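As structure tokens, one chain now follows by itself in the form deposited in one PDB entry.
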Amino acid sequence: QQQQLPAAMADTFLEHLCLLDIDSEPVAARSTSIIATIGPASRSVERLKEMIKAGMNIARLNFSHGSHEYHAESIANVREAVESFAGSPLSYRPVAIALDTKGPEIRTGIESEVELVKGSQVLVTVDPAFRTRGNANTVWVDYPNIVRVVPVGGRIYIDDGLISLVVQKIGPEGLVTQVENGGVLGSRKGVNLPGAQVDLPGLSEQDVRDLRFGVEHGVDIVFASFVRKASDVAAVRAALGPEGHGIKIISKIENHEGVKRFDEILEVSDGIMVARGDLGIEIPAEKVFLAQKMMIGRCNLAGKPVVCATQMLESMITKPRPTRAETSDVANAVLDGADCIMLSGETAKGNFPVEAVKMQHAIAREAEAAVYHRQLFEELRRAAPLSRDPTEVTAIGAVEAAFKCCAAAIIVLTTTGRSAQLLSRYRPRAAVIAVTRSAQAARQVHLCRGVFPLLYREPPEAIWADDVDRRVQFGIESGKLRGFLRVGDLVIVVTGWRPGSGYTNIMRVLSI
């Protein structure tokens, strides 16, 4: 059998594991959406085309680097690459665009390299004149209060926490420190101050500018950096302004406080990013996996998208093949229950961006087939409280029906994505094919595992009921074309009693 079905029929998790079969070919669209960071390696229209073809679903713009003009070019190229496939509506793949916020970063000064000798004296300055006078015994940083916040005996991580510094006297013109971990240091590198309370705002003048930019260029999603408390996302919301309620806000969890106040942060956000990079510097590297698995679990419970991020395939920045740990990282993110998996170096600057995307694609398909739905579904139902919202009620119904007949797909009409979401919330195995007129909602829905958006272009029919049927039919055809559904398959169709959003309430079983 295929799809790891013998494994799906197991009575225990152990028996399940014991039955995973390397010769059981996956046989389903991959449900985990891939987010790819745009950079020099992935910015040319022709490259983007390849990346789309290979599996990219979300383009991530990292506003930690590049000017407004630079990101506008990125948006313009993505949109071009994406619309090059509009020749065939039945095959067209929407691509989301996520603005990633700079946030309260700290960076060293200005392709040369100094060497911080272990045990040696290094001075950290925020004096404007030393802004480029950086050397083996002097590092300049762009956070003037550094001197006010890192006390004697405090730690200062530099460059992915690879360099490490102990403050051994805080004198007038800077921090007198001793290198604890040396390393070959380069230009403008990221700095971390664990244990220190960085009074740096979650939203600086630039972030606000950057957000307004996102509104004007119609970005779909904000990955909000360094989110430490509910008011942080409120601030993002305010900045996003009224022209931008539609925009999904994904809070990146990058530090201890963020981890601790996670519950409050989730309730107020549209989803979460396990921001492992910073997280892995702010808390001990041994402990990330706990935060990751805790947050993914909690999101699964709340029904919100969760993203797993950073170094999932690092070696690929430089090599055509991933390390054995990277492969298992991707699979375990999926098995953890992550809605999306990300790429950074691997697609922004590396020598194999398309190969990197093909790999997340390949692994996610295997891992998705290896999900023990039986336990998963049971636990979700069991944990999720009762509900009175007809849309939820239909969803779980639909998912249940899908399971009973091994439906190829659940086809949903949706206006804002919400009813597609409520379906994927319960993790059907059948694919959730979402038919929508809202180009934006079609993009934002990539954030939810197992949704395949289809953008519908025809003008409304006179008779609403007809309009509904043409759309469902549209789903089926697109379905047939991309090999999601074959003649003789059963499909579950979810619709509503009247137009407008918020009235989903019907579930139907149809045969193809």
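Sequential numbering from 1, following the sequence displayed. In this text, rigid core is short for the largest set of C-alphas that superpose within 1.5 Å between two forms.
Below, we refer to the form deposited in another entry, which is not included among the displayed structures.
Summarising the superposition on the core between the shown form and the other one, the listed residues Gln121, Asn332, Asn351, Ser387 contain exactly one with a Cα shift of 2 Å or larger, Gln121. Comparing the forms between the shown form and the other one, the C-alpha position of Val268 differs by less than 2 angstroms, with the core used for superposition. Once both forms are overlaid on the rigid core, the distance between the two CA positions of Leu175 between the shown form and the other one is 2 angstroms or more. If you fit the rigid core between the shown form and the other one, you'll see the Cα of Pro242 move by less than 2 angstroms.
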